[PDB]
Amino acid sequence: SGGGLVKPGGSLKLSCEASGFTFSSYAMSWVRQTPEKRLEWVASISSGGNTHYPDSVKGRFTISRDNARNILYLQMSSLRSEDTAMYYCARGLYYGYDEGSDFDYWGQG
Amino acid sequence: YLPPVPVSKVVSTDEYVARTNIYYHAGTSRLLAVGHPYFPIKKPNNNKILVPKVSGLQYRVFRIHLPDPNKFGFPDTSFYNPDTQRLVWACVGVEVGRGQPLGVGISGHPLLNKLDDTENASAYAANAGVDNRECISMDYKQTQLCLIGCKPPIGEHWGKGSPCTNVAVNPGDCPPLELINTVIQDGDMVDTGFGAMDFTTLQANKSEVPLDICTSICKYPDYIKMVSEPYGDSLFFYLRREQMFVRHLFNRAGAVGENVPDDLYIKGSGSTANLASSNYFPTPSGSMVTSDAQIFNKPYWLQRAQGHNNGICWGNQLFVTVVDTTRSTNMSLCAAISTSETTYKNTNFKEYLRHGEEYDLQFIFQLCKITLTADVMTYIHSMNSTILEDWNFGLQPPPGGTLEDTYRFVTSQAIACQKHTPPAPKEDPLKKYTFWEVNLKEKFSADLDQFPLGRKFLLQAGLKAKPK
Amino acid sequence: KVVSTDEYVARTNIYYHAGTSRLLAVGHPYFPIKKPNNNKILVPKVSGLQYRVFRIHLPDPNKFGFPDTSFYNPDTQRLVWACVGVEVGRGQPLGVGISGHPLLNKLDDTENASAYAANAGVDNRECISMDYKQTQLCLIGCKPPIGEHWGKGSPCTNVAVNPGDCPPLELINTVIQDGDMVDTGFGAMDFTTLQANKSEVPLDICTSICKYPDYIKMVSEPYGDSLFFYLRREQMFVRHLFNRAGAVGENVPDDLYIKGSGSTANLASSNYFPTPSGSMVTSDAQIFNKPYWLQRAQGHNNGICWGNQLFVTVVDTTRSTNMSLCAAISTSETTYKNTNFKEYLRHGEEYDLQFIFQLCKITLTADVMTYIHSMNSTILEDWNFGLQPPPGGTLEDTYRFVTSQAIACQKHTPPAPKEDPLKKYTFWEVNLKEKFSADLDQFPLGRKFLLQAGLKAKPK
Amino acid sequence: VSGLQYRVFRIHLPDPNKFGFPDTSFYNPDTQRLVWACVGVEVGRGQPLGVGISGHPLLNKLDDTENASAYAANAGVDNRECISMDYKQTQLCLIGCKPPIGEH
Amino acid sequence: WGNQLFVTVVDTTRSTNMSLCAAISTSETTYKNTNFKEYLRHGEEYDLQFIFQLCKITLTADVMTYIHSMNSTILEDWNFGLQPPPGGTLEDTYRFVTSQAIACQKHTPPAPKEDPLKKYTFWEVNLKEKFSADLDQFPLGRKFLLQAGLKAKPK
Amino acid sequence: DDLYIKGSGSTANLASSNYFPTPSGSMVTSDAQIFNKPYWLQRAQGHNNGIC
Amino acid sequence: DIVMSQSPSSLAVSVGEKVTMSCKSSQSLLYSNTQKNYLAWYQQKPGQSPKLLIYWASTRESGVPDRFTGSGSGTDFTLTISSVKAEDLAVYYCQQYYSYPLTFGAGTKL
């Protein structure tokens, strides 16, 4: 939601907004686009706001969850141009018996 | 019936292992190496080396293969059945031959990041110029060590870590540091006393140190972690000696990026208005060599080792690591582009640097057998299963289960060559890791008498007479 | 450490037999029939040259319980057929087909020329047919037949390949099926793949890959169960000698020779191909249709057979004759004209099988429960002592769906009748199941054995 | 490469006297030695059987000698022709510790 | 003798030569002698399986003599560097001068050890690794058994 | 067609596909004669033994 | 990690052809206490967004026709489709969520 021209090395400030729904109901994440069709993954944080970080961005991608604005946010700085990508938002949900995961929606990207 | 009742603790390998009556020896003739100390020589446009970089300052790895004992000849094998049992080598004693005349080399750099001599200063120095770097050389700390185990030597070093991201790194800012373990590789560099780390990443000047270590990562072994192995199979033994002393007192020349708060001092004026570089570095120095300190040219006797592994070498496989500074002398020769003129001309000579290397190995081994039960199989399988694979498992069921086997179309094929271009599958899982190689597998002897070292083995234990 | 079957094996005293009806078979020599616009086949091309492969479908013995069941526990063991014996019906009087191609690359003879040839018209293709390697074979065993045959090799990237270059080279080693290509020995491979020309060969042999056994690797099975048996026989040699005519792949170094000029200036065919001669036939050459036997074989398998299931293959040249028809679309006119006659062909084909068998019984140990499980577990799949106690008690009914509010709509699950894995492989199939019965008194043949047995024949 | 090329197979064995047994006590390795012996041998050959052939584009030839209606023509220069033939059919096998000796 | 064995065999029967054609232009639909080059390759298929027996030799003079007469090079590869028991040959033995590549290579000197027939080239195979101690596992061998019978075995 | 390639000229048209062999009898011998020699029956594949 | 696995790249299914694709995790997919396979998927077409395929292989999304129904448990799986169709033409990503991070298939472009 809003992503665009950024020259690497600075800080990167982006948003993912809800559209006509309760924001605090389910899980949320950030995503990126690596053109090989080999996709790379960006960021996540819990409902309780625990940082979901891989071997990579732990403490790196600096996230701010906002339920009120119904928007997901992320902070970066001293950017990695290896993070050049078309970034995507994503969301979570809960579907509770069979134990395998469908997905309802995600952001503007 | 069922898998067994059995835990992992560790055990003293002598629990299950049985010691045999027989010993063998083999050894290489000798090993030579030659190369340039400071950097490898390649064809300038090419990436292929014309000349390798060689110095005592580089680590040396040695992989030694043994043949499968269960294929191997004895005067008396009666004592076992391959049905129920393995055989595995055991290394009782080890030698390192070293023949070179002992003497010191040296290294340096033609542009050395340097300010001045702070050891004694009669007056306030000048102000930072542009490019004051200088041509200076030094001696590294003297060192000896030896390393033995069936698992590769694990070194460690400093390194630049991923900074935890809150503040954006501005160019100029101290990267955080990370202590990092890694596999020790051949050609890797001894520390100089400047610390086991990567200069390349952490130092952008590239003029901070002499050549040899500049681009590389000096590493140092961590006895802790190594000894912290449960099976102790990294090494079951070693020895170490080293020394160094201070020589000179210098500074780094560059901008200050951590400035000194005044409170530590008082503000000066004139020449004292400006703080000189608080960077200092000592000049490392080795001392006089002695024949006595030599850890070499003497037999060793291992019976009880700190690791529960006792001289057991798994996978027909044994390692040695060697580091020596005493033979480090680099010889310098000159060749004259004109043999005619009778007046000395600098311009006439092409100066050259080469360095000699001498290695040898003489190895004693005991043979050992393994009785097999589940618990047996279990524990090992638990420890490492791969060994069982090179092994036939003595059996997979009780009669020899087979996999719809391998019979091949290959050995010499038709020159299409995806019928091989790709030879051996599986792996040496370390195949990525490069290091020196030798094969002894043809070199064994059933008689020690013939050999210089062997009789000592007798001698030390007595010969009694030599039977069996 | 494979062992003989009969290590553990436990025999019966007991035997049954079946034999087919026979074989009703026919069809066209050259190519199969279909609607011209369509791909839907009217009628099969059928040939001997189509590899001759047939496979076995039989009841679980354990299905039948016995007038005396007593002698064993069905549970503490299993109960497993062995093949005692075998026979093929093969009934046709023996016959000659023969072929070639209406267009052919040829320059000409080698042997006989008074002078060097003339210039080459382009597309000089000609119509000639040939005979073949004279051959029968039979193939006997339980694991799939697999033919090994040439291939084009993998050009690696070193040499940049130029238009028209030599395909690199291969042997391909691959499953046999029925109705596949005999060689005359023109190479075990597909020119259709591996020859541009498409004018080079008999049409039929244009089609597909010549295939030939690999004993060696079938020899090389861990258990030798592809076959435990076969026989192999043939005769042939060359009839004539003929040059191809085509653009040059490569040429001969001169140093190897001298130079002509004028007429003699110019290159004599390096394209050199023989014309084979397949031979006479005889009755005595017949290997067929005779009591056929084993006990010991090269393999641990002795009659060791699974899925109640076995593969059978044989091949014969001998009968290769077809016969055609002269179709007069008008009979009316009494005066002759070539006009009125279309021609059609098929190749009629015939066989039968009668085979003797045993059962054997198998108790259970890990070895049992493993060695084959080891060897292959697929049979204890077919058995029930593969275990597998599972979890998983409970669920929820929820009903009903039709209410038109939506709970997720449902199950897809015939899913896996699929059992033959190799099922996509397509070839002849013979189900035998209920043809079994007791006494060869009734069964035309293996009482042959019963006399080979002898044993007293029992009273009335 | 062609079939008509002779084949020569050299086969190395490892020294027995480096290589031991499940039970070796039955001998003294010192006072004696060990040597392999060859009891039996096999040759596998897998190809579908068939005859090849060779020829030459130029060959010294006059004409048919079998039947001639009239006397032959005058000999020109280079009447050589392209003709081919089949070689004599043959099979052989050779085994020993010393190389096969040829003659010509 | 000398861990060495020869086999030589020739067959005419498989002489078949397959011939294939490659098209330099795949487009044109009119047949032309132009478009097709021709190549000729020939297949070759061998295998070897060899039984072996194991034997020992007592030593006396007559022994040693008799052999030394036949071919004395044989003794070399054994012990008996010298006619009788002692052992072997007492000038210095082993040396290697390289590792990595600058200096005049280890092979700048000739190879001292020889099969003197090294002049004579021909096809080669190494078996050294392949031995097995149990016939049962092989197609051929069990016949050897069968020829001599001698069956029984574990479970 | 796909089983071949178009001709032209002389090859404009396709000759008849048909072929049939000409059977040829072989050398006859006195041996293979099966006659003028006695026969002796005891057991036959059928259950009849020489019953007419 | 497990970067999910679909390779080599070129295969295709013409008029009336069931599809062949195989995505395989590099960790064992028979798991202890939970015992329900976790597998994720996607479809990237021209004209709209790249989108999930399948979840738990026996439970399908609405707005997802049943045409995709897979089989197997554990590392590798087997798909079966009575009739494969056009929009089945697509890039099929694959994934598992139990142990995060989220990593992706070598992909099915079939």
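Just so it is clear, A, B, C, D, E, F and G label the chains in written order, and each chain counts residues from 1 on its own.
What we mean here is this: a residue touches a chain if its C-beta (ideal position, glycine included) is under 8 Å from a C-beta of that chain, and two chains touch if they have at least 3 such contacts.
Heads up on the chains, UniProt names are B, C = Major capsid protein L1.
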(message) Which chains sit in contact with both members of the pair chain A and chain E?
(response) B
(message) Quick check on this structure: which chain has its C-alpha centroid closest to the centroid of all protein C-alpha atoms?
(response) E
(message) Applying the contact rule given earlier, which two chains have the most C-beta pairs between them?
(response) D-E
(message) Centroid from C-alpha atoms only, then distance chain B (Major capsid protein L1) to chain G, rounded to Å. What do you get?
(response) 47
(request) Quick one: report the Å distance separating chain A from chain G, using the average Cα coordinate of each chain. (result) 23
(request) Could you give the separation in Å between the centres of chain B (Major capsid protein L1) and chain E, each centre being the mean of its C-alpha atoms? (result) 39
(message) Counting only residues that touch at least two other chains, what does the list for chain F look like?
(response) 5, 7-8, 11
(message) Using the touch definition from the top, which residues of chain G touch two or more other chains?
(response) 59
(message) By the document's touch rule, what are all the touching chain pairs in this structure?
(response) A-B, A-G, B-C, B-D, B-E, C-D, C-E, C-F, C-G, D-E, E-F
(message) Going by the contact rule set out above, which residues of chain B (Major capsid protein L1) touch chain C (Major capsid protein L1) in the complex?
(response) 395-405, 407, 409, 414-419, 421
(request) Could you pull out which chain C (Major capsid protein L1) residues touch chain B (Major capsid protein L1) in their complex? (result) 1-3, 153-156, 168-171, 173, 217, 220-222, 366-367, 370-371, 374-375
(message) Quick check: in the complex, which residue numbers of chain B (Major capsid protein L1) touch chain E?
(response) 28-35, 49-52, 54, 354, 357, 399, 411, 450
(request) Enumerate the contact residues on chain E facing chain B (Major capsid protein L1) in the complex. (result) 87, 93-103, 125, 154-155
(message) Can you tell me which positions in chain B (Major capsid protein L1) touch chain D when the two form their complex?
(response) 71-78, 80-82, 446
